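Q: Let me begin by handing over the structure; questions about it come next.
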Amino acid sequence: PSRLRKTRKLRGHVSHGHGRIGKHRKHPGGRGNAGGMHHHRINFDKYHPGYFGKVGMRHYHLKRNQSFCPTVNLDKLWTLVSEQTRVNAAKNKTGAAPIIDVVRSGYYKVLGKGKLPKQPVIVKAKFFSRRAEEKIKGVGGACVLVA
Amino acid sequence: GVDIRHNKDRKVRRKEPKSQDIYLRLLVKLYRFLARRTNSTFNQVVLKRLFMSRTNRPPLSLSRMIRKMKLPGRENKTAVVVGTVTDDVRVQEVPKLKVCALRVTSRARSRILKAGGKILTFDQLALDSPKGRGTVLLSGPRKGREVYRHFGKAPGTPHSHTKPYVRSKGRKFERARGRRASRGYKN
Amino acid sequence: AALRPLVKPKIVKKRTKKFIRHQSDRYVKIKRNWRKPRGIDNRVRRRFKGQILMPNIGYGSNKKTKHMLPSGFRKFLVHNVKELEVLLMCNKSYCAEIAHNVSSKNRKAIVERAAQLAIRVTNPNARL
Amino acid sequence: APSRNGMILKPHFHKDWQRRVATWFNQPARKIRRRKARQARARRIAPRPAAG
RNA sequence: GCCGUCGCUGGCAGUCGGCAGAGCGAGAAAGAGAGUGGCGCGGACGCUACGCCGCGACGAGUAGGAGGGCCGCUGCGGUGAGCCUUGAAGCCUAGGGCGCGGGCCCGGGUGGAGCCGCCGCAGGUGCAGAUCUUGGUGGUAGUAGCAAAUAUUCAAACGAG
RNA sequence: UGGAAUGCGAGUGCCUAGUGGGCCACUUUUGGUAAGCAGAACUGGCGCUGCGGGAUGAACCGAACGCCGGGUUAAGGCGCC
RNA sequence: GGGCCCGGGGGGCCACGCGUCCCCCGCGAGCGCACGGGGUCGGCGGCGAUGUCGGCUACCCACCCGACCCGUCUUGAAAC
RNA sequence: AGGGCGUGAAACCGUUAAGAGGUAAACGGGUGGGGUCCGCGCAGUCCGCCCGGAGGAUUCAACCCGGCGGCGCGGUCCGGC
Ligand SMILES: [Mg+2]
Ligand SMILES: [Mg+2]
Ligand SMILES: [Mg+2]
Ligand SMILES: [Mg+2]
Ligand SMILES: [Mg+2]
Ligand SMILES: [Mg+2]
Ligand SMILES: [Mg+2]
Ligand SMILES: [Mg+2]
Ligand SMILES: [Mg+2]
Ligand SMILES: [Mg+2]
Ligand SMILES: [Mg+2]
Ligand SMILES: [Mg+2]
Ligand SMILES: [Mg+2]
Ligand SMILES: [Mg+2]
Ligand SMILES: [Mg+2]
Ligand SMILES: [Mg+2]
Ligand SMILES: [Mg+2]
Ligand SMILES: [Mg+2]
Ligand SMILES: [Mg+2]
Ligand SMILES: [Mg+2]
Ligand SMILES: [Mg+2]
Ligand SMILES: [Mg+2]
Ligand SMILES: [Mg+2]
Ligand SMILES: [Mg+2]
Ligand SMILES: [Mg+2]
Ligand SMILES: [Mg+2]
Ligand SMILES: [Mg+2]
Ligand SMILES: [Mg+2]
Ligand SMILES: [Mg+2]
Ligand SMILES: [Mg+2]
Ligand SMILES: [Mg+2]
Ligand SMILES: [Mg+2]
Ligand SMILES: [Mg+2]
Ligand SMILES: [Mg+2]
Ligand SMILES: [Mg+2]
Ligand SMILES: [Mg+2]
Ligand SMILES: [Mg+2]
Ligand SMILES: [Mg+2]
């Protein structure tokens, strides 16, 4: 609301809070990002290193669906299945491990961050990290690749 | 005249919650009394943390609370946080806890109770621990916010690992000159 | 014979003249309502001797005698008999002033009911 | 002019964008109209499925 | 002495009453502790805790910042069993007052049909200036002036002239 | 035996306006015959600041300011104004 | 002079029960006056209904001291 | 409300009344004198308890009947949610 703003308190004060000496002029310094390599060079260099120049190959017609690859860590792996899935497997005796299909949950690659509970599991995914497969293998599980 | 400076006379600090919440202020009324009429420094700390702002009251996850309540000699002590206790999906086993919080997320509540623990409000901590005895006051990570990734030496200074403010992330967005020796310089 | 307050402390006024705005005696366009002078060279703003004075919190009135009428009471505007009966228990320190736009007919009821309750009316003899 | 730390912004308001602002104050009236044409169409082809 | 600001992140939920017992300012830690054996029917105020109370220090201000306004203007949601032809708004007032102030209340007069308080919402919301806009009015001032091209006079008529 | 005196509560983080013409004095000091001239150092001032005194005055001397009563002072004064 | 002004042969003490051992040789009651946690009188007088009493401010007038016209740019404005 | 007529401001002007007038007027502080009005003043407050005189009554306490309410660790009453 305009009743809570500075303008109401600045009534009666000449200059409206912009000073008597410098005044409020239209566009001192230029419009927009003018002066980056010039009178505004310190601000750009100080706060925006890398701003000017070119780096890396161009790629015409990038299609971001081609590189779709959502990832999940191992510390979140068991949330993709219900709770009773884990407790049932942990307490059963035949040794049967549940199947966690990360593609069904909307992930493609499995990453290695975290630790798994000591419980065998069969994991299905398009991709694995090297540490993900080791950690999955350390609990008695297996990695299954899908296309 | 007295040769003194007045710029520092007025101490900047909260004497009350900015919030207009009536349940919070009823708790501030409660702990204003306990802080004043009891010599328990704990009440003063809790009374102060009730005035604090949302970012000064970070949420405490379940995993962090379990870690700090597992340190030796903290058995049967009530964990106290002036803030929210959020659930942590990365936790597998939830031990029996007694906790006092301003808020507990819906999933954190079920996990604590299903483990056999007890959840309190702050009006119940007073009737159980008037002076705060047998308590373990805990706090969430204050610097666990995206803003603090942007504070410090300006990103364009030597050995500054400050995060820049960019509208986009990618090869074309602030990586050419000033960030690699092949383009002008680096620091 | 008028009703008297519980106590009648001496009222001390630091200042009784009004604060006339600077240069409001020179123009009709400048109403005497106070305005803080803010010109750079303004000699009233700089507190030169012999010039118009500026109001400041130092002139404040004693908290005890503040808003006190010379009768020793403090006024409270009332628009009807019901509003009057909120002063029943503080009738030794607060009086009733009837609002200007209350009909002459209704002033008889408020001025009457106030007499019964021993509440003092600042303007009982108006719109007769 | 830039002032201390801040994002570098490039708003696309260097054309006559006010001449081509499309307000949405007819949105509820559009939603009613679309629905009223779904109902009159459902009546028109019944018992054929309304969906199509 | 009084006003305000700042600090003491000071004190008060103990109004614990005849289902009673009044204290905790005091130089110097921690209990006005609990036990086991050897007639009257009475007692002010308080506490909108966003409230109330105490003590100490201090108070210049342009540019600029911030806080509080029970300062003021227009409209919206609630509320005031609100005000008003027994007189609304507006306007005038050597009437009486309140507030440090922004302002406000009441008395009288004019007026003739509507208006206001409180809790919130919203803003085309506060003028001394801008050679500011439009309109009105002054002093100047009964003043400059009614002076280019030779010129008028007598009698009568109408007619208030 | 918190290892000199004295005094004082400290630390820390975000956001941030105005400014970016200055000028003056003791002392030091460059150019210039010099200048109420141009240019420096230190500190303090005026600017932003009233008040007593210097008759008068941006800066000198004294002293810095909430609204008051009493007392006493500073620098300056006490023929009359 | 210092040693509760060491020890021996008229004037002020914030000395004043005793069993003892021996160094040395836990409650009296009252009453009262006050240089005592910021003023009271348990002290008085005159005047008062037609010309007199009170009314800060406010209207007019007077006098004494003070007092240059504002906004603004400016190192500097009462500025010719 | 008299046909550009609701209200009817300010500037500016006429007149009536009052006051004043040689350092232009105006202004701050301090009193004083005079006016307009206001106190709808002019023998001066009110309240509790007590003492005493005159009186006068839907006459007090205590008891009985009925109704209502508060509380009860009814040391552990019955019924209820
Ligand atoms: Mg300012
Ligand atoms: Mg300007
Ligand atoms: Mg500003
Ligand atoms: Mg500028
Ligand atoms: Mg701009
Ligand atoms: Mg001081
Ligand atoms: Mg200051
Ligand atoms: Mg400050
Ligand atoms: Mg100046
Ligand atoms: Mg800037
Ligand atoms: Mg910024
Ligand atoms: Mg100040
Ligand atoms: Mg007038
Ligand atoms: Mg009409
Ligand atoms: Mg509007
Ligand atoms: Mg104007
Ligand atoms: Mg002429
Ligand atoms: Mg400049
Ligand atoms: Mg120089
Ligand atoms: Mg020069
Ligand atoms: Mg300046
Ligand atoms: Mg300064
Ligand atoms: Mg000075
Ligand atoms: Mg001289
Ligand atoms: Mg004095
Ligand atoms: Mg002299
Ligand atoms: Mg003079
Ligand atoms: Mg003069
Ligand atoms: Mg200018
Ligand atoms: Mg110049
Ligand atoms: Mg000027
Ligand atoms: Mg000149
Ligand atoms: Mg009319
Ligand atoms: Mg009409
Ligand atoms: Mg008209
Ligand atoms: Mg008319
Ligand atoms: Mg006239
Ligand atoms: Mg005359």
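Convention: chains lettered A, B, ... in structure tokens order; per-chain residue numbering from 1; ligands numbered from 1 as shown.
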Using only C-alpha atoms (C1' of nucleotides), I'd like every residue of chain B that has an atom within 10 Å of chain F; please write them out as a count of residues only.

A: 6

Q: Residues at most 7 Å from residue E:95, counting only C-alpha atoms (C1' of nucleotides), excluding those fewer than 3 positions away in the same chain, as a ChimeraX atom specification?

A: /E:107 /H:37-38

Q: Might you pull out every residue within 12 Å of residue B:52, with only C-alpha atoms (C1' of nucleotides) counted and same-chain residues fewer than 2 positions away left off, and present them as a PyMOL selection string?

A: chain B and resi 13-19+24+28+45-50+54-58+82-83

Q: For C-alpha atoms, I'd like the residues from the last selection saved as a tab-separated table (two decimals), in the first residue's frame.

A:
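Heads up, here's the output in part.tsv:
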```tsv
chain	number	residue	atom	x	y	z
B	13	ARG	CA	17.72	-5.93	19.38
B	14	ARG	CA	14.27	-7.47	19.63
B	15	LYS	CA	12.19	-6.91	22.75
B	16	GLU	CA	9.18	-8.79	21.35
B	17	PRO	CA	8.11	-10.83	18.32
B	18	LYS	CA	7.45	-8.87	15.15
B	19	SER	CA	4.71	-11.46	14.60
B	24	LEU	CA	3.20	-17.01	20.04
B	28	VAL	CA	5.97	-14.91	25.19
B	45	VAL	CA	17.54	-18.01	26.01
B	46	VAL	CA	14.17	-19.49	25.06
B	47	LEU	CA	12.39	-16.21	25.77
B	48	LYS	CA	14.85	-14.46	23.45
B	49	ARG	CA	14.50	-17.06	20.68
B	50	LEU	CA	10.74	-16.52	20.64
B	54	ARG	CA	12.07	-16.61	10.65
B	55	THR	CA	15.63	-16.81	9.30
B	56	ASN	CA	17.06	-16.67	12.83
B	57	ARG	CA	14.90	-19.73	13.64
B	58	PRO	CA	16.09	-22.27	11.07
B	82	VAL	CA	12.42	-22.81	19.20
B	83	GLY	CA	11.34	-23.55	15.66
```

Q: Which of these residues is nearest to chain D, using only C-alpha atoms (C1' of nucleotides): F:16, F:10, F:5, F:52?

A: F:16

Q: Using Å and a single decimal, report how far atom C1' of residue G:71 sits from atom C1' of residue E:129.

A: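 Atom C1' of residue E:129 sits 6.1 Å away from atom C1' of residue G:71.
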